[PDB]
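Report on the structure given below.
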Amino acid sequence: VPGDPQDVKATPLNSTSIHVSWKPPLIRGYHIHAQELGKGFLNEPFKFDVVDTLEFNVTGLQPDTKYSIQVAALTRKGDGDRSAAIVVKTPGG
Ligand SMILES: [Zn+2]
Ligand SMILES: [Zn+2]
């Protein structure tokens, strides 16, 4: 099974979306996982399926909101290792 995607970058495009790009693990499908950020409670994260591309615009997000972005390759047992999280805030505030 593959390791984590390499050289991940993420930057907001507008108040509702983020352009995520990466290089393959050291694979035709990936997941992008986006989690909105005193007891460690979290709302439901977003997941995006990506096929046959090494970048993707994740959309439908909340304005003025911090998101943790991770990418994973898809494998026979589920996701491979996730890239180290990138925290980015959408504009709109
Ligand atoms: Zn996944
Ligand atoms: Zn999937």
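Every residue, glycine among them, receives a Cβ derived from its backbone with ideal geometry; neighbour counts consider all protein chains shown. Values quoted throughout were computed directly from the atomic coordinates according to the rules given, and no laboratory measurement underlies them.
Within the P(r) computed for the range 28-70, what percentage of the Cα pairs occupies the region above 17 Å? Walk me through the numbers before you get to the answer.
Details: 325 of 903 pairs.
Result: 36 percent of Cα pairs exceed 17 Å.
Tally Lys and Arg at +1 and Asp and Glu at -1 over the other residues with C-beta under 11 Å from the C-beta of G3: what net charge comes out? Provide the component values of the computation, followed by the final result.
Details: positive: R82; negative: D4, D81.
Value of the local net charge: -1.
Exposure proxy check: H33, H19 ranked by fewest other beta carbons within 10 Å? All intermediate terms of the calculation are to be shown ahead of the outcome.
Values: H33 19, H19 14.
With the fewest neighbours first, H33, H19 line up as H19, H33.
Quick one: how many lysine pairs does the range 6-89 have with C-alpha atoms less than 27 Å apart and a gap of 8 or more or different chains? Give me the count, please.
The result is 16.
Taking only Cα atoms of the chain, what ratio of Rg to Rh do you get with Rh as the Kirkwood inverse-distance radius? Mind dumping the intermediate values first?
On the way: Rg = 13.1 Å, Rh = 13.4 Å.
Reported Rg/Rh (Cα atoms, Kirkwood Rh): 0.98.
With Cβ to Cβ distances under 15 Å as the rule, what net charge do the other residues near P24 carry (K, R +1; D, E -1)? Numbers along the way, then the final one.
Working: positive: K9, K23, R28, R82; negative: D4, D7, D52, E55, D79, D81.
In short, -2.
If you find the alpha carbon centre of the range 60-75 and of the range 1-57, how far apart are they in angstrom?
Taking the Cα centre of each part, the range 60-75 and the range 1-57 sit 5 Å apart.
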